[PDB]
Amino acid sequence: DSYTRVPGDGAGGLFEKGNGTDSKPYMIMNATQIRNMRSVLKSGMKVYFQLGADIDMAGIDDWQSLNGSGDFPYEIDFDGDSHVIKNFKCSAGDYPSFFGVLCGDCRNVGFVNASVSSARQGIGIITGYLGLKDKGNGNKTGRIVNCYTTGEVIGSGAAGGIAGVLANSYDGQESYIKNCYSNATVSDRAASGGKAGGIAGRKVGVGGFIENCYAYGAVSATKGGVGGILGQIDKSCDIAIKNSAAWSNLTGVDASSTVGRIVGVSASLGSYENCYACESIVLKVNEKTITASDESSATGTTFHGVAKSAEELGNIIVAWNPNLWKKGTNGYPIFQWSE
């Protein structure tokens, strides 16, 4: 029985149609239906969802993340089908975000004017964790592909425009973020050990990557690491970041902060290719402007990539996938289907 006002196919009318399988995904046409997702999750198998329209979540106060609690038992396949979810808000429950912990796939969705906040946990708009670390079952990895976010993220211990924490790769599957952008303001307000990134706050485990991503929302931490793409790589962990660009202003408030155009902390643990930053971004630590030097690998804490002009970056980003990306009228690339 539904907890919402909507309402047999579509789980008896909770959705427009479908049964949560690959061939019959639960089809979501409005925000009341999107609020029924939690009711049809299954601890024993991945459940499939698809958007059939843009979804405006204005006036929705009762979201808690789909898979942020317990042992994170719910695997999810989500296809936005090139639609947007507007005015999504979450500031309560475990891992405030859309998914909480994403085990499975999210593709082809934009979040417009989202607002997610936590005083206690590391978060992003789409998910808190993308994948789980070092599980025995590859179905616990997670991928976000062809997605974007705008709005605001406030976390504590990690903050990313897309995900709080990216996990790793094992058992024949990989965790990654690919062909995504964000314009969200991203802030890690932890008193110490902040991990703020334009795309992801933190990376855990060995294996996993970020590819064909850029960000342009302001990224900051009260006291910690700030990166245009990634805040922190954990000790004894790694990442690859390839064909990506930083286009955000980056601010570490405390003097002990580290700011990297691409990666903010333990950047030498990563492997990089074709990483760029707009020449006009402003980097600050303790209110003092910092210069960054061009580099294509990291030898120390931060990784800055190579500076490019706005015009150059527009060329570069669209070339990542000309069927997906387009130049925006204000210089910032977006998707062909972006609102």
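Numbering starts at 1 and follows the sequence shown.
The gap between residue 7 and residue 8 holds 10 or more unmodelled residues of the deposited sequence. Per the PDB record, of the two stretches 321-329 and 9-17, 321-329 carries the greater mean B-factor over its C-alpha atoms. The PDB entry records a higher mean C-alpha B factor for 134-142 than for its counterpart among 208-216 and 134-142. Among 165, 109, 190, 154, the highest C-alpha B-factor in the deposited entry belongs to 190.
As recorded in the PDB entry, 293 shows the highest C-alpha B-factor of the residues 65, 50, 293, 43. Residue 39: CA B factor lies in the lowest third for its chain, per the PDB record.
Among the modelled residues of its chain, residue 89 has a C-alpha B-factor that falls in the middle third according to the deposited record. When the CA B factors of the chain's modelled residues are split into thirds, the value for residue 54 lands in the middle one.
Residue-level temperature factors show residue 171 in the highest third of its chain, judged at the C-alpha atom. Annotation for residue 79: C-alpha temperature factor in the lowest third relative to the rest of the modelled chain, per the entry.
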